[PDB]
Amino acid sequence: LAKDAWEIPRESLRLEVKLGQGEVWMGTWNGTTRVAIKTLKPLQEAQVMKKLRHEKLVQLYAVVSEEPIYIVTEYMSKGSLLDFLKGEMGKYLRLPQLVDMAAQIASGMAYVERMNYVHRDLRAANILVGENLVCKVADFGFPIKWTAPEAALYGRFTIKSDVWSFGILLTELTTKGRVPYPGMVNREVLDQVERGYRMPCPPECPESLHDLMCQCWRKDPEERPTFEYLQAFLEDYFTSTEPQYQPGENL
Ligand SMILES: Nc1nc2cnc(-c3ccccc3)cn2n1
Numbered sequence: 255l256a257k258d259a260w261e262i263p264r265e266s267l268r269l270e271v272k273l274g275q279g280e281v282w283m284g285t286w287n288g289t290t291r292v293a294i295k296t297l298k299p308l309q310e311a312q313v314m315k316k317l318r319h320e321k322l323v324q325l326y327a328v329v330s331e332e333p334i335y336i337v338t339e340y341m342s343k344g345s346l347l348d349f350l351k352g353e354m355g356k357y358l359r360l361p362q363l364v365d366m367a368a369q370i371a372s373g374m375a376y377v378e379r380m381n382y383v384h385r386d387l388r389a390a391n392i393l394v395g396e397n398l399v400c401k402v403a404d405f406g424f425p426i427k428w429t430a431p432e433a434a435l436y437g438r439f440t441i442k443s444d445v446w447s448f449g450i451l452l453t454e455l456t457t458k459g460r461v462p463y464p465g466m467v468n469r470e471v472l473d474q475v476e477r478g479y480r481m482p483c484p485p486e487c488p489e490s491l492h493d494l495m496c497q498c499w500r501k502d503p504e505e506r507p508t509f510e511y512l513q514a515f516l517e518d519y520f521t522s523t524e525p526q527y528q529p530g531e532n533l
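Just so we're aligned: the sequence shown equals residues 255 to 275, 279 to 299, 308 to 406, 424 to 533 in the entry's author numbering.
So this is what it looks like as structure tokens:
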């Protein structure tokens, strides 16, 4: 059956270093350019990664539509935002760098918002990092803790359930990668969050950023901010919102 212009020769790719294991390799495409190659275990409907192109989304390069199915994309030299924040770099990141990263992610998601798509698994383990603190939304391929209640309970995934996740992602950045709802197991999160619990302000995080988290965690998904609003807020943050910001111990 008929391929499209994304298709490339099964073996026009040189796999080298293995990076994960569902498996992910670094490689070289037509001997000239470095890529990442995610391999599946037994891309049919990648009509999602094909239609999106933006500077803050990991770019699709090519596919291979036969088992084992390949997906080739740009190489992100630092790997996942989660690993980056939990590794050696986490202790040196302060609020300006973390808010900047948040802004990049909102910029990719504001594009997703315009195109009328929905990510469904926005969390730091699905943001990829390159040099110069470039972050890019990845993996449009159970993370109850990151999912809006209406989506966890009733399968209502909208751009507004993504916003909710983006708010959890903001606690990931401000805590240098901690799992959210520390001490709570999945069921206790779901019950507590339905009764109105929200994570409190993380140590040394300014109130104005916690308020932003709180708005993304509104019960009525319609009262949650847009990513366009989020991007603009984050970009202008140290002039418009926290002009007197002082670095502290950890942020
Ligand atoms: N597109 C893409 N996908 C992945 C997955 N993992 C990495 C990576 C993982 C560890 C160290 C450096 C890079 C990098 N990329 N880049």
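Ideal Cβ placement from N, Cα and C applies to all residues, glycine included.
Use the C-beta contact count for residue i: other C-beta atoms within 10 angstroms, 16 or more gives buried, fewer gives exposed.
i           : result
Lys-442     : buried
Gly-373     : buried
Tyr-340     : buried
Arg-477     : exposed
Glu-378     : buried
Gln-309     : exposed
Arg-388     : buried
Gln-369     : buried
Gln-275     : exposed
residue 534 : The chain is shown from 255 up to 533; residue 534 falls before or after that span and cannot be answered.
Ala-259     : exposed
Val-364     : buried
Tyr-463     : buried
If you follow the alpha helix (DSSP H) that residue i is in, where does it begin and where does it stop?
i       : result
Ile-450 : 441-456
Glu-470 : 468-476
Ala-327 : Not the alpha helix (DSSP H): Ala-327 falls in the beta strand (DSSP E), residues 325-329.
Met-374 : 360-379
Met-283 : Looking at the DSSP string, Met-283 is not in any alpha helix (DSSP H); the run it does join, the beta strand (DSSP E), is 280-286.
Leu-322 : From DSSP, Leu-322 is part of no alpha helix (DSSP H); its letter is neither H nor E.
Alpha carbons only, please: which of the options is nearest the one belonging to residue i?
i       : options                               : result
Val-329 : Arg-291, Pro-263 and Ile-426          : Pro-263
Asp-444 : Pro-482, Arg-500 and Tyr-335          : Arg-500
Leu-347 : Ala-434, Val-402 and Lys-315          : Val-402
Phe-405 : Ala-367, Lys-315 and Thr-523          : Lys-315
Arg-268 : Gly-279, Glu-280, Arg-291 and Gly-274 : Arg-291
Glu-531 : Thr-456, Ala-433, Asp-518 and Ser-447 : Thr-456
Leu-273 : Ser-266, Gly-344 and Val-313          : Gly-344
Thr-289 : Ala-390, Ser-266, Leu-255 and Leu-435 : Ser-266
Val-394 : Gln-362, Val-383 and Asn-381          : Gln-362
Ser-342 : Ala-367, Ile-392 and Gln-312          : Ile-392
Residue j and residue i - do their beta-carbons sit closer together than 8 Å?
i       : j       : result
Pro-484 : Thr-453 : yes
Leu-533 : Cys-498 : no
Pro-529 : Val-475 : no
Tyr-527 : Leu-297 : no
Along the chain, where does the beta strand (DSSP E) that runs through residue i open and close?
i       : result
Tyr-436 : Segment 431-436 is the alpha helix (DSSP H) holding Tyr-436; no beta strand (DSSP E) there.
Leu-393 : 392-394
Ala-293 : 290-296
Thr-521 : Unbroken run through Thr-521 is the alpha helix (DSSP H), 519-522; no beta strand (DSSP E).
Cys-400 : 400-402
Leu-346 : Taken as a continuous stretch (DSSP letters only), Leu-346 belongs to no beta strand (DSSP E), being part of the alpha helix (DSSP H) at 346-351.
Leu-269 : 267-272
Cβ contact check for the region 462-479 and the region 505-513: 3 or more pairs under 8 Å: no
Segment contact flag, the region 315-332 with the region 484-497, C-beta cutoff 8 Å, min 3 pairs: no
The region 281-297 / the region 350-360 touching (three or more Cβ pairs under 8 Å): no
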